[PDB]
Protein chains: 2
Amino acid sequence: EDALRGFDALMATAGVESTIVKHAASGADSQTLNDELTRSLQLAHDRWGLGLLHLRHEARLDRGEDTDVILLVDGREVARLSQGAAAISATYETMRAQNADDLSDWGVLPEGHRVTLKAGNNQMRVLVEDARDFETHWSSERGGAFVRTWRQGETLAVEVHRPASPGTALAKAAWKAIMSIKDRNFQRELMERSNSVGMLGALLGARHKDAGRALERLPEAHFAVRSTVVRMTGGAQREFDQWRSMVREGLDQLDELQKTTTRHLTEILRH
Amino acid sequence: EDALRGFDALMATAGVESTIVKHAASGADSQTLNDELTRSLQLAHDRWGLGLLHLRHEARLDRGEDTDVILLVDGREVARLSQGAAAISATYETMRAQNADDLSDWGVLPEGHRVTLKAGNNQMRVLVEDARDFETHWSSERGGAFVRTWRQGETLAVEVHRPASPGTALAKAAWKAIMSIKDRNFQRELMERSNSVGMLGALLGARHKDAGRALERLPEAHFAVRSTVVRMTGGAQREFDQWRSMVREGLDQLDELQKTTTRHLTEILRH
């Protein structure tokens, strides 16, 4: 029964408007349900930013009962939702790798000479206009963000991410939930307790918890949103102006989405 | 019996030091003989410059008698040497295609955005240093030659060719063979006849021919050498200086080889 809501909560960690409950009860074709799951999962991963973009993430339904949702990588069974979110997180963590900096060391395209951008400006104009495949190293974009870009065939793509952590997501949403209390005496008491237990600790103590009893069961606890990817397949792929436009779009979507998730997080913080 | 010498003459049209007679009579393994044939043929094609570099040219021996040599393209039987050189030429001609100019329209790498180099200088430095695959359009090199370059994986390659024709090859070699007569009276007579029949016509009339009786049977009559390719797979592939060096090398080899073939041609002209 409960697999549908699990997956929806998972997706909800990112701006993923899953409608699986509106089709699972509609008798939708199993292959179309799986297809939609998979597209949702892939988008989810673009948002989470694990640097696992080099993999095929697929999602399936089970044939037996109690019907669960299988997470697969490259057609191999990896996880199931019934394992709880934390296990899925650790599973994905064993897959991710980081370089000398706190950044993904992987790269998207099959291995082999990722572009050492170094410096320069017309550096990439050549690549957008006159190049088959390539992928850049990370660009240390000054605006508090890191970005890289690649193209595969007729598809051009850019990703942007800020180094984040569910803990920063929770600090923001928890402080914001404390500010939204609108009960200065109770708020005062909780702020006073935050001095020793942090924002989250105080908020947990307010709801008759010992160490986040329901917290560990909920997804948002780990793998917050920290990245986004903009891609286009189509004539404009080499326009370059389109490329700056993608970058702008990506920054805008990153900021909007992480603020949106803090909004939803803060919301559930007060229930 | 005669297939070995046919192939050797074919190869001899280009600087191809075939030794097939030293191994066919040595009992060499059939697969190694075929392998060597194939490598020779591919080099031959680099020299001839048909713009068919996008194909797999392979050469095989026959199992029956009288054992002939099969020319294959992409594992399909295309021609056999027993067909005479002219037929092989026409066969290859149906394969070649030329653009708005007298140049091959094909390109090497699978189709899709060959680089419109247009103008510019650091245009390509980006590509040698920071690019996976690509291939340029032809470069109108001022030095009476056209050149283009591409890379496939860890292999970087450049080709250079001059627009030529076996007829120009024969005009040069024939005039040179007339000058090498060293019999000013006979030479005078043949030069006088050239006025109406061309150099080749005069030289044919000197050897009791009507329209090149043996000429049509010999390879050099068609598909002269007009191109060469320099390729490297190895660290230096992105050095760029190595790239200029390849270009220099290619021009040098083109000039040396076409002069060498004129030498050998002229030689057979006087027998």
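- If you check the header, you'll see the entry was determined by X-ray crystallography and the resolution is listed as 3.300 Å.

Looking at the overall build of chain A
Logical step 1: Counting its regular elements, chain A contains eight helices and seven strands.
Logical step 2: The contacts in chain A between residues at least 6 apart in sequence include a share of 56% that link residues at least 24 apart.

As for the relation of the copies chain B and chain A
Logical step 1: Mapping chain B onto chain A calls for a rotation angle of 180 degrees and an axial translation of 0.0 Å; the resulting RMSD is 0.0 Å. The operation mapping one copy onto its partner corresponds to a two-fold rotation axis.
Logical step 2: Here 100% of the contact residues of chain B are again contact residues in chain A; the copies associate through an equivalent surface.

Some words on the pattern of salt bridges
Logical step 1: Between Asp35(A) and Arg39(A) there is a salt bridge, with the nearest N and O atoms lying 3.4 Å from each other. Here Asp35(A) pairs with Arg39(A), and both are found in helix α3 (residues 30–48), just four residues apart, close to one helical turn.
Logical step 2: Here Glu77(B) makes a salt bridge to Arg80(B), at a shortest N to O gap of 3.2 Å.
Logical step 3: Salt bridges sharing common partners tie together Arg56(A), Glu58(A) and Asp74(A).

Points about the sheet that holds strand β3 (residues 76–80) of chain A
All names here are of chain A.
Logical step 1: Across the sheet, which stays open at both edges, the three strands sit in the order β1-β2-β3 with antiparallel pairing between neighbours. Two strands in the sheet have a free side with no partner beyond their single neighbour: β1 (57–61) and β3. Averaged over neighbouring strand pairs, the angle between their axes works out to 35 degrees when direction is ignored.
Logical step 2: Direction of pairing for β1 relative to strand β2 (residues 69–73): antiparallel, over a ladder of five bridges. Bridged to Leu-61 within β2 is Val-69.

So, the sheet that holds strand β1 (residues 57–61) of chain B
Residue and element names in this part refer to chain B.
Logical step 1: In space, the three strands of this open sheet follow the order β1-β2-β3, with antiparallel pairing throughout. Edge positions in the sheet fall to β1 and β3 (76–80), since each of these pairs with one other strand and no more. Neighbour to neighbour, the strand axes of the sheet diverge by 35 degrees on average, direction disregarded.
Logical step 2: By the bridge criterion, four bridges tie strand β2 (residues 69–73) to β3 in an arrangement that is antiparallel. Counterpart to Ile-70 in the pairing with β3 is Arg-80.
Logical step 3: Packing against the sheet, helix α3 (residues 30–48) makes contact with β1 and β2, and its axis sits at approximately 140 degrees to β1.

Concerning the environment of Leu251(B)
Logical step 1: Tracing the backbone through its elements, the reader meets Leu251(B) in helix α8 (residues 241–269).
Logical step 2: With residues up to four places along the chain from it excluded, the contact list for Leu251(B) reads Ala145(B) and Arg162(B).

Considering the packing of helix α1 (residues 3–12) of chain B against α3(B)
Residue and element names in this part refer to chain B.
Logical step 1: For the pair α1 and α3, interaxial distance at closest approach is 10 Å and the crossing angle is 35 degrees. Residues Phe-7, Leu-10 and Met-11 of α1 form the contact with α3, whose own contacting residues are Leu-37, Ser-40, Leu-41, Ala-44 and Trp-48.
Logical step 2: For the contact of α1 with α3, a count of residues per class yields seven nonpolar, one polar and no charged.

Concerning the packing of helix α6 (residues 166–179) of chain B against α8(B)
All names here are of chain B.
Logical step 1: Between α6 and α8, whose axes approach to 8 Å, the crossing angle comes to 55 degrees. As summarised for this structure, α6 and α8 are arranged oblique, according to the angle between their axes. The two elements α6 and α8 meet at a crossing, and its hand is right-handed. Side by side, α6 and α8 meet where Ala-169, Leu-170, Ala-173, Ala-174, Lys-176 and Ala-177 of the first sit next to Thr-262, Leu-265, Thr-266 and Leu-269 of the second.
Logical step 2: Grouping the constituent residues of the contact of α6 with α8 by class yields seven nonpolar, two polar and one charged.

A closer look at the packing of aromatic side chains
Logical step 1: Between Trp48(A) and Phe223(A), the ring centres sit 4.9 Å apart and the planes meet at 70 degrees, which makes this aromatic pair edge-to-face. Remark: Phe223(A) occurs in the loop between α7 (184–206) and β7 (227–233) and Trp48(A) occurs in helix α3; sequence separation between them is 175 residues.

Structural notes on unusual backbone geometry
Logical step 1: Of note, the bond from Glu65(A) into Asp66(A) is cis; its omega dihedral lies within 30 degrees of zero at 5 degrees.
Logical step 2: A positive phi angle, near 55 degrees, is found at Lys118(B), a position not held by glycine.
Logical step 3: Residues other than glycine seldom take positive phi values, yet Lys182(B) does so here, at roughly 65 degrees.
Logical step 4: With respect to the secondary-structure elements, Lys182(B) resides in the loop between α6 and α7 (184–206).

Details of α7(B)
Because an α-helix completes one turn every 3.6 residues, residues spaced three or four positions apart along the sequence face the same direction.
All names here are of chain B.
Logical step 1: Taking 1.5 Å as the rise per residue, α7 with 23 residues should run 33 Å; its terminal C-alpha atoms sit only 14 Å apart, a clear shortfall.
Logical step 2: Of all the bends in α7, the greatest, near 120 degrees, is centred on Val-197.
Logical step 3: Looking one or two residues beyond α7, the residue adopting positive phi is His-208, at roughly 60 degrees.

Concerning the side chain of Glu135(B)
All names here are of chain B.
Logical step 1: Within the element layout of this structure, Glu-135 appears in strand β4 (residues 134–135).
Logical step 2: Only 3.0 Å separates the side chain of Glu-135 from the backbone nitrogen of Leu-109, close enough to count as a polar contact.
Logical step 3: Those residues within four positions of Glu-135 in sequence are excluded, and the remaining contacts are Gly-107, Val-108, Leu-109, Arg-114, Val-115, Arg-148, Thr-149 and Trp-150.

Considerations on the environment of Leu117(A)
Residues and elements named next belong to chain A.
Logical step 1: Looking at the secondary structure, you find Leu-117 in the loop between α4 (84–95) and α5 (122–129).
Logical step 2: Residues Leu-117 and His-137, 20 residues apart in the sequence, show an inter-C-alpha distance of 6.4 Å.
Logical step 3: In contact with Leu-117, not counting residues within four places along its chain, are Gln-123 and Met-124.

Cut-offs applied
- Residue indices run from 1 on each chain, following the sequence as it is written; they may not match the entry's numbering, and residues absent from the coordinates are omitted.
- Chains and ligands are labelled by the order in which they are written, letters from A for the one and numbers from 1 for the other.
- As shown, the structure covers only some chains of a larger assembly, and all values describe those chains.
- No hydrogens and no water enter the side-chain calculation; it runs on all heavy atoms of the structure.
- Residues with missing side-chain atoms are left out of burial classes, side-chain pairs and their counts.
- Numbering of helices and strands runs from the N terminus, with a helix taken as a DSSP run of H or I at least four residues long and a strand as a DSSP run of E at least two residues long.
- Residue contacts are counted whenever heavy atoms from the two residues lie within 4.5 Å of one another.
- Copies are aligned with a least-squares fit on their C-alpha atoms.
- For this analysis, a salt bridge means a side-chain nitrogen from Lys or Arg found within 4 Å of a carboxyl oxygen belonging to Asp or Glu.
- By this definition, two strands are paired if DSSP reports at least two bridges between them.
- Note on method: axes are straight lines fitted to C-alpha atoms, helices fitted across the in-contact stretch only, with angles between N-to-C directions ranging 0 to 180 degrees.
- Charged means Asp, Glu, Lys or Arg here, nonpolar means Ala, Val, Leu, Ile, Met, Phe, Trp, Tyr, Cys or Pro, and polar covers whatever is left, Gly included.
- Every angle not falling under 35 degrees, over 145, or within 65 to 115 is termed oblique; those three ranges are roughly parallel, roughly antiparallel and roughly perpendicular.
- Note on convention: the crossing is left-handed when the near helix lies turned anticlockwise from the far helix by less than a right angle, right-handed when the turn is clockwise.
- Note on ring pairs: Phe, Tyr and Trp rings are taken, using the six-membered ring of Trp, and paired if centres are within 6.5 Å. Classes follow the plane angle, with under 30 degrees stacked, over 60 edge-to-face and the rest tilted.
- Multiplying 1.5 Å by the residue count of a helix minus one yields the expected span of that helix.
- In this analysis the local bend is the angle between axes fitted, respectively, to the seven residues ending at and the seven residues starting at the residue.
- Polar contact is defined as a pair of N or O atoms within 3.5 Å, subject to the rule that within protein one atom must be able to donate a hydrogen and the other to accept it, and that residues adjacent in sequence are counted only when both atoms are side-chain atoms.

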